[PDB]
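Asks: Shown below is the structure under consideration.
Any read-out appearing in this document is the output of simple, stated calculations on the displayed coordinates, not a laboratory observation. Cβ placement follows ideal geometry from the backbone for every residue including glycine, while neighbour counts extend to all protein chains displayed.
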Amino acid sequence: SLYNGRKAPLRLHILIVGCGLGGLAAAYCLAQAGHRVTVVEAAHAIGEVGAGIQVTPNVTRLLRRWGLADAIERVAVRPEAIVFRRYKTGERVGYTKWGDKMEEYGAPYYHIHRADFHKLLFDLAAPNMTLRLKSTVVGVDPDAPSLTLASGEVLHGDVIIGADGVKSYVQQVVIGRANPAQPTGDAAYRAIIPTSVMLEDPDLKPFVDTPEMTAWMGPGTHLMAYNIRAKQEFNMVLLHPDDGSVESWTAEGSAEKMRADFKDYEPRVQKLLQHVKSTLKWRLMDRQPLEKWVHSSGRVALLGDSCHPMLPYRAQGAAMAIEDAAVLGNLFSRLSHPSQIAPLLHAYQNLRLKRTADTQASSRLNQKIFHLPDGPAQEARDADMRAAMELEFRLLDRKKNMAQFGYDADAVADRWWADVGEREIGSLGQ
Ligand SMILES: Cc1cc2nc3c(=O)[nH]c(=O)nc-3n(C[C@H](O)[C@H](O)[C@H](O)COP(=O)(O)OP(=O)(O)OC[C@H]3O[C@@H](n4cnc5c(N)ncnc54)[C@H](O)[C@@H]3O)c2cc1C
């Protein structure tokens, strides 16, 4: 029971465009808040798709609140540390202890396969939503409001939530255009190998025995690797200069070109990439924060990657989409009169926008540091990492980590409601 058992005295029909991690989180939170939810999804079925997702303590805190504590512990992995390595030799130049140290933010840091994460949120939301698959939204009347599907079917609701991802259709209706996207010059390969083949190699086995997030830093390139799916699968993300790619979750890369691009990395990376049977490739595109997330009619708003997508350096996409849902559901649990619908959507945006813009920036400002060419700049980064690492080992920015990881979406919305919203929004209609 979320919201201390409270249900909005005014029950809405809310249409959610997109059955991704955001849309499912929104469907769960808004149904719990006392609203009728329909989720409309383009995909014909939910598939075994996607790769590793970061579940930082600020996300885990909410998933535990939603009753998922055992189910996530079962399928996700708790990384013990983040380790930075020189590409060529595998020298460990950096180390930050995670594991139990992450519990000081009030919940564990998990690594999860997107499909396992999707399944957890799907099973939560499914009993309290109507899901329409094979239903591409191709039009929005933001005044009614209503949605138009590719079939021409029109769906009516009180509120439309656009959770339709990085290439949101709803975003174009809210803002009046697609948010400009600028190529960074880089692409990412994503590839998964079974950990059974690593356990068979005495040089690779320790990567399964002691689950870490390892970043090998190279000239123009990096390889980030970690266990998912209860250490049955090893997730690898490889950043490299864009030699032709598209911004799509289904676009393929050449495993042979991937191996060629990383041929100068240490022998354990050669052995890891030898097991890659296939790889998907994504063109990195930089997007700025939106000016607003709410349409001028106050009945359509955005959630998740539709309004704050970010680069894979600090992939907090899932985190920010789930936080968005928790705050939106918290505010909507308060609704008692139609005159409050717009103010509540404005409050949602007001509580979320700067935080998510700062989180996009945190990812954006990590693009060059792991890709330095060999030389003075590279040796100074390694030296700075070593200094920090040696303190970590003697025991055997933190304030930014606390601002990200210690965040409680419900606490922020409960406090705003108590200090301001009850008086300024709750009284509307009296
Ligand atoms: C198939 C898939 C695979 C992914 N794999 C990865 C990955 O490996 N690593 C990673 O970092 N991130 C991945 N992502 C993105 C990741 O889910 C997000 O960055 C974030 O975790 C959650 O954001 P979101 O729910 O706002 O958007 P998304 O997860 O992108 O979900 C948006 C949903 O909206 C649907 N949709 C889009 N347009 C319409 C429309 N017009 N009408 C109806 N439905 C529509 C899409 O089909 C999708 O299911 C993937 C997304 C998808 C859809």
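Asks: So which chymotrypsin sites (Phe, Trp or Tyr not before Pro) in the range 1-97 end up in coil per DSSP with only 15 or fewer other C-beta atoms within 10 Å?
Replies: none
Asks: Below 16 Å, Cα to Cα, which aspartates and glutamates can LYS119 reach? Residues fewer than 8 away in the same chain don't count.
Replies: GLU41, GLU48, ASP70, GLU73
Asks: Could you work out the helix-only [θ] at 222 nm for the chain, with each DSSP H run of four or more residues adding -39,500 (n - 2.57) and the total divided by the number of residues, to the nearest 500 deg cm²/dmol? Show your work: numbers first, answer last.
Replies: On the way: 14 runs with 146 residues, N = 430.
About -10000 deg cm²/dmol.
Asks: Among the trypsin sites (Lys or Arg not before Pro) in the range 44-95, which ones are in a DSSP loop with at most 15 other Cβ atoms within 10 Å of the Cβ? Mind listing them? Spell out each step's value before the answer.
Replies: Values: sites: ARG61, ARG64, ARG65, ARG74, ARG85, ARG86, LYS88, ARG92; in loops: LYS88.
Filter output for the range 44-95: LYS88.
Asks: If you don't mind, there's one more thing I want to ask. By its C-alpha gyration tensor, with a ≥ b ≥ c as the square roots of the eigenvalues, how is the range 1-137 shaped: rounded for a/c under 1.5, else prolate for a/b larger than b/c, else oblate?
Replies: Here the range 1-137 falls in the oblate category.
Asks: Tally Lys and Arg at +1 and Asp and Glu at -1 over the other residues with C-beta under 11 Å from the C-beta of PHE332: what net charge comes out?
Replies: +3
Asks: Just check the range 28-69 against the gyration tensor rule for me: Cα atoms, a ≥ b ≥ c as the square roots of the eigenvalues, rounded for a/c under 1.5, and otherwise prolate or oblate depending on whether a/b exceeds b/c.
Replies: It comes out oblate by the Cα gyration axes.
Asks: Which net charge results for the neighbourhood of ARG36, defined as the other residues with beta-carbon distances under 15 angstrom from its beta-carbon, given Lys and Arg at +1 and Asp and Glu at -1?
Replies: With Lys, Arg at +1 and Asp, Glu at -1, the net is +2.
Asks: Right, something else. Could you tell me what percent of the DSSP beta bridges with both partners in the chain are antiparallel, to the nearest 5? Each step should come with its number before you reach the end.
Replies: On the way: 48 of 68 bridges.
If I count the DSSP bridges inside the chain, around 70 percent turn out antiparallel.
Asks: What net charge do the residues around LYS281 carry, taking every other residue with its C-beta under 13 Å from that of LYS281, with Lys and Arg at +1 and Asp and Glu at -1?
Replies: That works out to -4.
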